[PDB]
Amino acid sequence: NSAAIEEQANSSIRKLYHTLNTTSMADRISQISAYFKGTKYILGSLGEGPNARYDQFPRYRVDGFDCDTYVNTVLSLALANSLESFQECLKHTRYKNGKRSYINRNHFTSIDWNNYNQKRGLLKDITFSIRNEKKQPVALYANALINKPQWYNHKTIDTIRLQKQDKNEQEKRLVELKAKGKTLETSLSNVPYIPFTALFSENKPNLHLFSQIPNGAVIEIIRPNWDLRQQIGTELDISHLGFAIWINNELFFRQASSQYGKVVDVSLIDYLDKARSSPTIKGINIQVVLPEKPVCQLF
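Numbering (PDB author numbering), first residue to last: 49 to 70, 74 to 346, 349 to 352.
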(Lines of atoms letter the chains of each structure in order from A; the text may use other names.)
(Lines give C-alpha, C1' and ligand atoms only; values in the text may rest on other atoms or scores of the structure.)
Protein backbone atom coordinates (compact mmCIF):
# COMPACT_ATOMS: atom_id res chain seq x y z
CA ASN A 49 0.00 0.00 0.00
CA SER A 50 2.16 2.72 -1.41
CA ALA A 51 -0.08 5.61 -0.39
CA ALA A 52 -0.08 4.41 3.24
CA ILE A 53 3.68 3.96 3.24
CA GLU A 54 4.15 7.51 1.95
CA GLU A 55 1.71 8.83 4.57
CA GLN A 56 3.78 7.24 7.33
CA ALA A 57 6.89 8.85 5.82
CA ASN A 58 5.18 12.28 5.68
CA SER A 59 4.51 12.08 9.43
CA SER A 60 8.08 10.91 10.28
CA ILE A 61 9.81 13.44 8.00
CA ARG A 62 7.68 16.36 9.23
CA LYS A 63 8.77 15.42 12.78
CA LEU A 64 12.40 14.97 11.79
CA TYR A 65 12.54 18.57 10.52
CA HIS A 66 10.90 19.94 13.65
CA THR A 67 13.85 18.43 15.54
CA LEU A 68 16.47 19.47 12.96
CA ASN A 69 15.24 23.04 12.50
CA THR A 70 15.61 23.80 16.22
CA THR A 74 25.43 22.57 11.44
CA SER A 75 27.61 21.66 8.45
CA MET A 76 26.23 19.63 5.54
CA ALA A 77 28.57 16.74 6.41
CA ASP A 78 27.19 16.71 9.97
CA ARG A 79 23.62 16.81 8.63
CA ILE A 80 24.39 13.80 6.43
CA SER A 81 25.95 12.01 9.41
CA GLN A 82 23.00 12.72 11.71
CA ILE A 83 20.30 11.84 9.17
CA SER A 84 22.07 8.73 7.90
CA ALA A 85 22.48 7.62 11.57
CA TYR A 86 18.77 8.16 12.29
CA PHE A 87 17.93 5.34 9.85
CA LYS A 88 20.49 2.78 11.10
CA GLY A 89 18.79 -0.58 11.68
CA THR A 90 16.03 0.02 9.10
CA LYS A 91 15.42 -3.11 7.06
CA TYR A 92 16.74 -3.75 3.57
CA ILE A 93 14.15 -3.83 0.79
CA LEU A 94 15.42 -4.53 -2.72
CA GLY A 95 14.06 -1.88 -5.14
CA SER A 96 12.49 0.12 -2.30
CA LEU A 97 11.02 2.96 -4.39
CA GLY A 98 9.01 3.43 -7.56
CA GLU A 99 7.00 6.19 -9.24
CA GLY A 100 4.23 6.08 -6.61
CA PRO A 101 0.54 5.26 -6.39
CA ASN A 102 -1.17 5.08 -9.77
CA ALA A 103 2.18 4.92 -11.59
CA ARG A 104 2.19 3.36 -15.07
CA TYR A 105 5.07 0.88 -14.59
CA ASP A 106 6.23 0.84 -10.97
CA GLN A 107 3.73 1.67 -8.20
CA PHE A 108 6.13 1.29 -5.29
CA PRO A 109 6.22 4.42 -3.07
CA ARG A 110 8.06 7.59 -4.07
CA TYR A 111 9.76 7.69 -0.64
CA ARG A 112 9.54 5.71 2.60
CA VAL A 113 11.12 5.33 6.04
CA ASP A 114 10.43 1.63 6.67
CA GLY A 115 13.01 0.13 4.27
CA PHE A 116 15.89 0.99 1.92
CA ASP A 117 18.14 -0.43 -0.74
CA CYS A 118 21.66 0.93 -1.26
CA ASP A 119 20.51 3.51 -3.84
CA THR A 120 17.33 4.66 -2.10
CA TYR A 121 19.18 5.06 1.20
CA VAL A 122 21.72 7.45 -0.30
CA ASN A 123 19.03 9.34 -2.26
CA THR A 124 16.76 9.68 0.76
CA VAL A 125 19.54 10.80 3.14
CA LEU A 126 20.96 13.35 0.67
CA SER A 127 17.54 14.81 -0.11
CA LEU A 128 16.67 15.13 3.62
CA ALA A 129 20.06 16.74 4.29
CA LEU A 130 19.62 19.23 1.46
CA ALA A 131 16.12 20.31 2.51
CA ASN A 132 14.49 22.02 5.51
CA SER A 133 10.94 20.69 5.30
CA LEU A 134 8.82 17.78 4.06
CA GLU A 135 7.86 19.90 1.02
CA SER A 136 11.43 20.81 0.04
CA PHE A 137 12.53 17.18 0.70
CA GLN A 138 9.92 15.97 -1.79
CA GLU A 139 11.23 18.41 -4.39
CA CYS A 140 14.89 17.59 -3.71
CA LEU A 141 14.20 13.86 -3.90
CA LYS A 142 12.30 14.21 -7.18
CA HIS A 143 15.25 16.12 -8.70
CA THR A 144 17.85 13.66 -7.37
CA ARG A 145 16.00 10.48 -8.43
CA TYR A 146 14.88 11.63 -11.88
CA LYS A 147 16.51 13.48 -14.76
CA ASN A 148 15.34 17.14 -14.48
CA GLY A 149 12.87 16.09 -11.77
CA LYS A 150 10.46 14.76 -14.40
CA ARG A 151 8.86 11.66 -12.87
CA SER A 152 8.80 8.59 -15.12
CA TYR A 153 10.31 5.12 -15.26
CA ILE A 154 12.63 6.02 -18.16
CA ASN A 155 13.73 9.29 -16.50
CA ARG A 156 14.64 7.53 -13.25
CA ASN A 157 18.40 7.65 -12.64
CA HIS A 158 18.76 3.86 -12.91
CA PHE A 159 22.50 3.73 -13.62
CA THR A 160 24.74 5.10 -10.91
CA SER A 161 27.43 6.26 -13.34
CA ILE A 162 25.87 7.54 -16.55
CA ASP A 163 22.60 8.70 -14.96
CA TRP A 164 22.97 9.47 -11.26
CA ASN A 165 26.58 10.63 -10.99
CA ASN A 166 26.35 12.46 -14.34
CA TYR A 167 23.12 14.36 -13.70
CA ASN A 168 23.77 15.14 -10.04
CA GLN A 169 27.26 16.45 -10.86
CA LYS A 170 25.90 18.53 -13.76
CA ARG A 171 23.34 20.22 -11.53
CA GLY A 172 25.91 20.96 -8.84
CA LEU A 173 24.90 18.53 -6.11
CA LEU A 174 27.97 16.26 -6.29
CA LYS A 175 31.67 16.60 -7.07
CA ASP A 176 33.90 13.62 -7.84
CA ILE A 177 37.03 13.97 -5.70
CA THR A 178 38.54 10.51 -6.37
CA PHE A 179 41.67 11.87 -8.08
CA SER A 180 42.31 14.34 -5.23
CA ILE A 181 43.12 11.43 -2.92
CA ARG A 182 46.85 11.34 -3.53
CA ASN A 183 49.87 9.36 -2.29
CA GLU A 184 52.71 10.81 -0.18
CA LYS A 185 54.35 12.23 -3.33
CA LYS A 186 51.18 14.27 -3.99
CA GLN A 187 50.28 12.29 -7.07
CA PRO A 188 46.87 10.72 -7.65
CA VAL A 189 46.64 6.93 -7.60
CA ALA A 190 43.24 6.72 -9.36
CA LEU A 191 42.42 4.78 -12.53
CA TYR A 192 39.42 4.84 -14.91
CA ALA A 193 36.68 2.22 -15.05
CA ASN A 194 34.53 2.06 -18.19
CA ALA A 195 31.37 0.17 -18.95
CA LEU A 196 29.39 0.42 -22.15
CA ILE A 197 25.87 1.02 -20.82
CA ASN A 198 23.45 -0.07 -23.53
CA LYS A 199 20.00 1.12 -22.39
CA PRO A 200 18.03 -0.47 -25.25
CA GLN A 201 19.59 -3.88 -24.55
CA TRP A 202 18.99 -3.47 -20.81
CA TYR A 203 15.31 -2.74 -21.56
CA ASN A 204 15.13 -5.70 -23.93
CA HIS A 205 16.29 -8.04 -21.14
CA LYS A 206 13.53 -7.01 -18.71
CA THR A 207 10.81 -9.35 -17.49
CA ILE A 208 7.38 -8.72 -15.97
CA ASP A 209 9.16 -8.32 -12.58
CA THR A 210 9.93 -4.76 -13.68
CA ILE A 211 6.22 -3.97 -13.71
CA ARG A 212 5.09 -3.59 -10.12
CA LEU A 213 1.34 -3.02 -9.82
CA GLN A 214 -0.53 -2.78 -6.52
CA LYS A 215 -3.50 -4.75 -7.87
CA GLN A 216 -2.08 -7.98 -9.36
CA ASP A 217 -2.83 -8.44 -13.09
CA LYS A 218 -0.31 -10.57 -15.03
CA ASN A 219 -1.82 -9.69 -18.43
CA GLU A 220 -1.67 -5.99 -17.61
CA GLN A 221 2.01 -6.55 -16.65
CA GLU A 222 2.74 -8.06 -20.08
CA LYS A 223 1.01 -5.18 -21.91
CA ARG A 224 2.83 -2.49 -19.97
CA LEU A 225 6.18 -4.27 -20.36
CA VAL A 226 5.89 -4.22 -24.20
CA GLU A 227 4.98 -0.54 -23.97
CA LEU A 228 7.94 0.22 -21.73
CA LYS A 229 10.34 -1.76 -23.95
CA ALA A 230 9.13 0.14 -27.01
CA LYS A 231 10.24 3.34 -25.31
CA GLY A 232 13.48 1.74 -24.05
CA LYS A 233 14.45 0.82 -27.65
CA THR A 234 14.81 4.55 -28.47
CA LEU A 235 17.24 5.30 -25.65
CA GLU A 236 20.95 6.02 -25.71
CA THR A 237 24.16 4.03 -25.22
CA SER A 238 26.85 5.61 -23.03
CA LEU A 239 30.39 4.62 -22.19
CA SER A 240 31.03 5.44 -18.55
CA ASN A 241 34.25 7.05 -17.28
CA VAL A 242 34.40 6.41 -13.56
CA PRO A 243 37.49 7.31 -11.56
CA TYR A 244 38.44 4.81 -8.85
CA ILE A 245 41.15 4.33 -6.27
CA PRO A 246 42.38 0.77 -6.84
CA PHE A 247 42.84 -1.86 -4.12
CA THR A 248 46.43 -2.21 -5.34
CA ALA A 249 46.92 1.29 -3.86
CA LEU A 250 44.61 1.11 -0.83
CA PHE A 251 46.21 -2.16 0.23
CA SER A 252 49.73 -1.72 -1.14
CA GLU A 253 52.11 -4.17 0.61
CA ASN A 254 48.98 -6.04 1.86
CA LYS A 255 48.28 -3.44 4.55
CA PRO A 256 45.72 -0.60 4.67
CA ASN A 257 47.15 2.61 3.22
CA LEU A 258 46.27 4.93 6.05
CA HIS A 259 47.47 8.00 4.16
CA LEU A 260 44.92 7.39 1.39
CA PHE A 261 42.06 6.38 3.71
CA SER A 262 42.57 9.51 5.85
CA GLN A 263 41.70 11.76 2.86
CA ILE A 264 38.17 10.40 2.48
CA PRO A 265 35.97 13.21 3.93
CA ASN A 266 33.22 12.70 6.49
CA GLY A 267 29.84 12.51 4.72
CA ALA A 268 31.32 11.56 1.33
CA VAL A 269 29.47 9.16 -0.98
CA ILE A 270 31.48 5.95 -1.62
CA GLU A 271 30.72 3.83 -4.70
CA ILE A 272 32.03 0.31 -5.18
CA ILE A 273 33.60 -0.08 -8.65
CA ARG A 274 33.80 -3.12 -10.91
CA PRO A 275 35.72 -1.99 -14.06
CA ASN A 276 35.28 -5.14 -16.09
CA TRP A 277 31.84 -6.42 -15.19
CA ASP A 278 30.18 -8.15 -18.10
CA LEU A 279 26.51 -8.58 -17.21
CA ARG A 280 25.38 -8.57 -20.87
CA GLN A 281 23.97 -12.09 -20.83
CA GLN A 282 22.31 -11.53 -17.45
CA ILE A 283 20.85 -8.01 -17.52
CA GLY A 284 21.60 -6.95 -21.09
CA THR A 285 24.47 -4.59 -20.38
CA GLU A 286 27.97 -4.21 -18.98
CA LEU A 287 27.98 -2.45 -15.64
CA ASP A 288 30.50 -0.50 -13.56
CA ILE A 289 29.11 0.18 -10.04
CA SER A 290 27.67 -2.49 -7.71
CA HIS A 291 27.01 -0.70 -4.40
CA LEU A 292 27.21 2.61 -2.56
CA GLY A 293 26.89 4.29 0.83
CA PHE A 294 28.41 7.02 2.99
CA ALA A 295 31.85 7.51 4.52
CA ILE A 296 31.34 8.34 8.19
CA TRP A 297 34.19 9.08 10.64
CA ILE A 298 33.43 8.03 14.25
CA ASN A 299 36.02 8.14 16.99
CA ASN A 300 38.79 8.63 14.40
CA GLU A 301 37.80 5.41 12.58
CA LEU A 302 36.24 5.34 9.12
CA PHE A 303 32.91 3.56 8.58
CA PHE A 304 30.92 2.62 5.50
CA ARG A 305 27.30 3.38 6.32
CA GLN A 306 24.93 1.65 3.90
CA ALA A 307 21.81 -0.39 3.32
CA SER A 308 23.20 -3.90 3.21
CA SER A 309 21.54 -6.92 1.59
CA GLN A 310 24.03 -9.11 3.48
CA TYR A 311 23.09 -7.69 6.91
CA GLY A 312 19.44 -7.16 5.93
CA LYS A 313 19.45 -3.59 7.21
CA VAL A 314 21.21 -0.20 7.25
CA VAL A 315 24.51 -0.79 9.06
CA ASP A 316 27.89 0.77 9.90
CA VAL A 317 30.89 -1.41 8.98
CA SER A 318 34.62 -0.58 9.14
CA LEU A 319 35.44 0.69 5.62
CA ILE A 320 38.96 -0.80 5.77
CA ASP A 321 37.62 -4.23 6.84
CA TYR A 322 34.79 -4.09 4.28
CA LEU A 323 37.16 -3.37 1.39
CA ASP A 324 39.74 -5.87 2.63
CA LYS A 325 37.06 -8.59 2.34
CA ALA A 326 35.97 -7.17 -1.04
CA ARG A 327 39.56 -7.60 -2.36
CA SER A 328 39.03 -11.33 -2.85
CA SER A 329 36.38 -10.57 -5.49
CA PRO A 330 37.50 -11.18 -9.07
CA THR A 331 35.48 -8.13 -10.26
CA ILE A 332 35.58 -5.50 -7.49
CA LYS A 333 38.73 -3.37 -7.97
CA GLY A 334 38.25 -0.17 -5.95
CA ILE A 335 36.20 2.85 -4.90
CA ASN A 336 34.92 6.21 -6.22
CA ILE A 337 34.49 9.17 -3.85
CA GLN A 338 32.10 12.10 -4.26
CA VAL A 339 31.27 14.99 -1.95
CA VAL A 340 28.12 17.09 -1.63
CA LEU A 341 28.67 20.70 -2.71
CA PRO A 342 25.77 22.73 -1.25
CA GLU A 343 26.84 24.14 2.15
CA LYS A 344 23.40 24.81 3.60
CA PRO A 345 19.94 23.28 3.20
CA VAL A 346 17.23 24.98 1.12
CA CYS A 349 16.46 22.32 -5.31
CA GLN A 350 16.75 21.71 -9.07
CA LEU A 351 20.18 23.28 -9.62
CA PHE A 352 22.93 24.65 -7.37
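All C-beta atoms in this analysis are idealised placements derived from N, C-alpha and C, irrespective of residue type, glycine included.
inquiry  = Taking a contact to mean a Cβ-Cβ separation below 7 Å, would you say residue 412 touches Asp288 in this structure?
reply    = Summary: the structure shown does not reach residue 412, with the chain confined to residues 49 through 352, and so no result is reported for it.
request  = Would you decide whether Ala103 is buried or exposed? Buried here means 16 or more other CB atoms lie within 10 Å of its CB.
outcome  = buried
request  = Please report how far the alpha carbon of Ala51 lies from the alpha carbon of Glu99, in whole angstroms.
outcome  = 11 Å
ask   = Should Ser329 be labelled buried (16 or more other beta-carbon atoms within 10 Å of its own) or exposed?
value = exposed
request  = Inspect the beta-carbon positions of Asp278 and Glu271 and report whether they are closer than 7 Å.
outcome  = no
key: Three or more C-beta pairs below 8 Å linking the stretch 320 to 337 and the stretch 228 to 246   = yes
inquiry  = If contacts are defined as beta-carbon pairs under 8 Å, then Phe304 and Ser84 qualify, I think. What distance do you get, rounded to the angstrom?
reply    = Actually they do not touch by this definition, with Cβ atoms about 11 Å apart.
message = If contact is defined by three or more beta carbon pairs under 8 Å, each pair taking one atom from either stretch, is the stretch 251 to 269 in contact with the stretch 172 to 191?
response = yes
ask   = Just reading off the alpha helix (DSSP H) that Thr237 is part of, what are its end residues?
value = Counting along the chain, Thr237 falls outside any alpha helix (DSSP H), though it belongs to the beta strand (DSSP E) covering 237 to 239.
task = Please list the segments of the beta strand (DSSP E) lying wholly inside the stretch 208 to 245, counting only runs of 3 or more residues, in order along the chain.
result = 237 to 239
message = The alpha helix (DSSP H) that contains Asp106, what's its start and end?
response = Here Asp106 belongs to no alpha helix (DSSP H), and DSSP marks it neither H nor E.
query = Does the stretch 166 to 173 come close enough to the stretch 144 to 157 that 3 or more CB-CB pairs lie under 8 Å?
reply = yes
task = With a threshold of 16 other CB atoms inside 10 Å of the CB of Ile181, please say whether the residue is buried or exposed.
result = buried
query = To the nearest angstrom, how far is it from the Cα of residue 45 to the Cα of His291?
reply = No answer is possible for residue 45: the residues shown for the chain start at 49 and end at 352.
Of the listed residues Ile296, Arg327, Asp324, nearest to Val315 (C-alpha basis) = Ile296
ask   = Which first and last residues belong to the beta strand (DSSP E) in which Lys325 is found?
value = Careful: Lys325 lies outside any beta strand (DSSP E), inside the alpha helix (DSSP H) at 319 to 326.
request  = Could I get the ranges of all uninterrupted alpha helix (DSSP H) runs contained in the stretch 246 to 301, with 4 residues as the minimum, in chain order?
outcome  = 247 to 250, 258 to 261, 280 to 283
Every unbroken beta strand (DSSP E) inside the stretch 142 to 203 [3 residues or more] = 174 to 176, 191 to 193, 196 to 198
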